[PDB]
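Structure incoming, see below.
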Amino acid sequence: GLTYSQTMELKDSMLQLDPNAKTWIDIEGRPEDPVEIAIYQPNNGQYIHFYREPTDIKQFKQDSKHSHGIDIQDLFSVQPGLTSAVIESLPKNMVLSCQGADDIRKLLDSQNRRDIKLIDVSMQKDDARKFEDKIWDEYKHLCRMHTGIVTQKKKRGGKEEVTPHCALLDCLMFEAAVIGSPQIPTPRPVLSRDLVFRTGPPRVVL
Ligand SMILES: [Mg+2]
Ligand SMILES: [Zn+2]
């Protein structure tokens with residue numbers, strides 16, 4: 001998990017959240033084994049966004065080809081323990097919005113955060129992703145972790161390539177769907193990249 005210094009930095013960083021403001025949450029991976037988590041406050045634009053290495057490789061491989069397109073190699077360097085550290089530091093009695101609440105509920109309960117309430121916006125998937133193209137063109141630079149080709153089943157059978165699901169860009173596009181417009185206040189990351197990622201391989205001297 002986190003060093004004492006990292007834990008202080010994280011807690012200080014999270015004091016930026018308005019504990020009573022509209023806050024989206026989306027995860028990729030099962031609640032027992034999440035890989036990408038995003039918490040996003042649209043009125044001020046702040047978001048918490050980080051990753052986690054999977055423990056179930058078989059399920060991950062499925063989610064990669066059919067949902068999020070993350071290459072497991074790119075998760076080896078991410079900082080462990082952020083999922084529990086972040087969730088434990090969320091303000092008491094916070095109220096979070098999501099598209100499908102069942103998985104989020106389980107994750108929060110697994111962390112003993114029953115005080116945190118959920119609003120399931122429960123849009124149809126077509127409605128929820130109306131502005132998917134627009135959000136990705138504007139904000140794809142905020143997450144470059146979805147490198148694999150993703151395919152899903154077409155409505156009447158067969159398969160097609162789709163845009164990968166990203167926990168962060170999903171929150172952004174869900175907000176856009178709700179307000180009927182892709183114009184949101186500029187999103188800004190709350191966490192430093194040096195907290196989300198471990199140092200990584202030394203630079204090749206060129
Ligand atoms: Mg998602
Ligand atoms: Zn992402």
Side-chain angles (χ1 to χ4, degrees), residues 22-42 45-54 56 59-80 82-83 86-87 96-108 118-153 161-178 182 184 186-193 195-198 200:
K22 183 184 185 181
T23 309
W24 283 97
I25 186 167
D26 179 84
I27 70 177
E28 293 301 313
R30 294 188 174 161
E32 37 272 0
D33 199 22
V35 283
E36 185 161 39
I37 294 186
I39 298 168
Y40 158 66
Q41 302 198 314
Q46 294 311 303
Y47 65 85
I48 296 165
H49 181 220
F50 57 93
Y51 315 92
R52 177 184 171 271
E53 202 189 294
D56 182 354
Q59 183 54 40
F60 177 85
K61 281 173 180 169
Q62 293 296 132
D63 297 345
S64 183
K65 295 178 46 166
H66 295 299
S67 186
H68 55 59
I70 302 169
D71 178 7
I72 199 175
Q73 221 79 227
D74 290 329
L75 293 172
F76 292 164
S77 56
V78 304
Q79 172 68 51
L82 271 179
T83 297
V86 165
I87 287 173
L96 308 182
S97 302
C98 53
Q99 172 74 358
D102 294 319
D103 269 16
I104 306 301
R105 184 71 271 164
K106 295 176 57 180
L107 175 58
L108 291 176
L118 295 175
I119 301 173
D120 194 339
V121 179
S122 70
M123 302 180 280
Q124 309 148 21
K125 156 105 142 31
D126 280 333
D127 286 330
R129 315 194 74 92
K130 185 183 192 298
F131 295 108
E132 186 175 45
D133 288 348
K134 296 298 187 58
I135 291 302
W136 271 86
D137 294 325
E138 183 71 13
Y139 293 114
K140 143 195 47 186
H141 66 280
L142 295 184
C143 187
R144 295 174 24 213
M145 296 278 320
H146 311 270
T147 56
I149 293 168
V150 177
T151 70
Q152 291 173 358
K153 177 178 176 288
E161 283 177 31
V162 298
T163 305
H165 294 28
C166 163
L168 178 61
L169 266 54
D170 277 3
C171 289
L172 303 184
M173 83 177 68
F174 293 159
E175 174 67 9
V178 171
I184 53 178
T186 311
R188 314 284 190 169
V190 162
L191 301 182
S192 72
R193 172 175 172 98
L195 178 59
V196 175
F197 290 85
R198 280 193 306 212

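For reference, positions follow the sequence shown, starting with 1. We count ligands from 1, going down the list as the structure has it; atoms in each ligand are counted the same way.
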- Task: Output the distance between atom CD1 (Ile39) and atom CD (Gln46), rounded to the nearest 0.5 Å.
- Result: 13.0 Å
- Message: For the Zn ion (ligand 2), give me the closest N/O/S atom belonging to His146, just the atom name.
- Response: NE2
- Message: Angle at the Zn ion (ligand 2), SG of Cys143 to SG of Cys166, rounded to 10 degrees, please.
- Response: 110°
- Item | Sidechain-backbone polar pair: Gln152 side chain, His66 backbone, donor-acceptor under 3.5 Å | yes
- Query: Is the backbone N or O of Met173 less than 3.5 Å from a side-chain atom of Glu132, with the two atoms forming a donor-acceptor pair by type?
  - Reply: no
- Message: I'd like to know if the side chain of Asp74 reaches the main chain of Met145, judged simply by a donor and an acceptor atom lying under 3.5 Å from each other, with no hydrogens or angles considered.
- Response: no
- Query: In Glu36, which N, O or S atom comes closest to the Zn ion (ligand 2)?
  - Reply: OE2
- Task: Write the atom name of the N, O or S atom in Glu28 that is nearest the Mg ion (ligand 1).
- Result: OE2
- Item | Shortest non-hydrogen contact between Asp63 and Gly29, atoms and distance | OD2-CA, 4.0 Å
- Message: Test of geometry: compute the angle OD2(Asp170)-the Mg ion (ligand 1)-OD1(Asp26) and round it to 10°.
- Response: 110°
